[PDB]
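What follows is one chain in C-alpha cells, specifically the form solved without its partner chain.
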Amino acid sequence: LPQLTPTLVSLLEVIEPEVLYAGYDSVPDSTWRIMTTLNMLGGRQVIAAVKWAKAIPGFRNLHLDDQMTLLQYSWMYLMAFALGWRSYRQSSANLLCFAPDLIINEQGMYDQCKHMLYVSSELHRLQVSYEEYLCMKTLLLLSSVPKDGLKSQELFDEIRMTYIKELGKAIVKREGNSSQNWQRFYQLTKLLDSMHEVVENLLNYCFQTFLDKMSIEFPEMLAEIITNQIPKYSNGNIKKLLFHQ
C-alpha cells in the first residue's frame, strides 16, 4: 500500500533511457563507418541523456544555463559509465557492449578500450546493483561545475548531497552488514572519482578525432557540445568535484 509512495530511487528507476541501437550489422567493417556510427549513436544518447536529465528531481529548479553547463560537462561521464555498466551486466566486464547490435571485442581505441573496460570491470568487481548504479550515474551528472560557480549553486549542492544519501540508502537496502557499508561507500565513491581521469582520456581522443578530422561524420548534438566545451576545457574553467579531495 505505501509502495505506492515513490522514493527518489524508484523515480530514477523509471526515467532511465531506453536502449538505443547503432543500426548496424553494405557490410564491410571499416574504421570510418564504425567511428561515424559511434558518433551518430553518441548523439542519440546525449539526446537521451537530456530528457533523462530534465526528469531528475532537482535538475528542474536549477537555472537553464546551469542545466546546459552540467550536460556539456558530464555527457562523456554518463556514456563512459553507462557503457561500463552494460558491459558489466551483459558480459562480465569482458566485452564492450555499446548496444545490442554493436558488441566490440578489443580490436584504434587502445587508451579508449582499456580505460572503458576498467570502469566495466570495477562495476563487475564491486558487483554494483541497479539502484546503486542509478544513484551513481545521477551523481556523475553533477560531477563538475564552473569555477565561477553555478547560478543556482546553493541549490545544486543541496540536491547533490541528497543524491549521495540515496547511494547511501542503495547500499543499506542491499544489506547493511557492518563497517561493510562504510567500506562499500568508500570504494564506490572512489570509483566515481576515477571517472574524472577516465573521461579526460576519452574526451581528448574525441576532440582529436573531431579536430584532426581525416573526414568523419558527426551529428549536430555532439558537434555543438564538442565545439562549445573545447574552450571551456582548454581554459580551465572546469572544477571537478571529487569525493576524496
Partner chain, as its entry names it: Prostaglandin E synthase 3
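Numbering follows the first chain given and starts at 1.
The gap between residue 92 and residue 93 holds no unmodelled residues of the deposited sequence.
Averaged over CA atoms, B-factors in the entry run higher in 62 to 70 than in the other of 62 to 70 and 188 to 196. Of the two stretches examined, 120 to 128 and 162 to 170, the record assigns the greater average C-alpha temperature factor to 162 to 170. Per the deposited record, the Cα B-factor of residue 147 falls in the middle third when ranked against the other modelled residues of its chain. Annotation for residue 109: CA B-factor lies in the highest third of the chain's modelled residues. In this PDB entry, residue 238 carries a Cα temperature factor that places it within the middle third of its chain's modelled residues.
Per the PDB record, residue ranking by Cα B-factor puts residue 175 in the highest third of the chain.
If you look for the form deposited with its partner chain bound, you will not find it shown, but the lines that follow are about it.
Proximity to its partner chain in the entry with it bound, defined as a heavy atom within 4.5 Å, holds among 116, 164, 93, 128 only for 164. Although the partner is absent here, residue 181 lies within 4.5 Å of its partner chain in the entry with it bound, judged by heavy atoms. By the criterion of a heavy atom within 4.5 Å, residue 168 is counted among the residues contacting its partner chain in the entry with it bound. Residues of 185 to 214 that come within 4.5 Å of its partner chain in the entry with it bound, judged by any heavy atom, are 185, 186 in sequence order.
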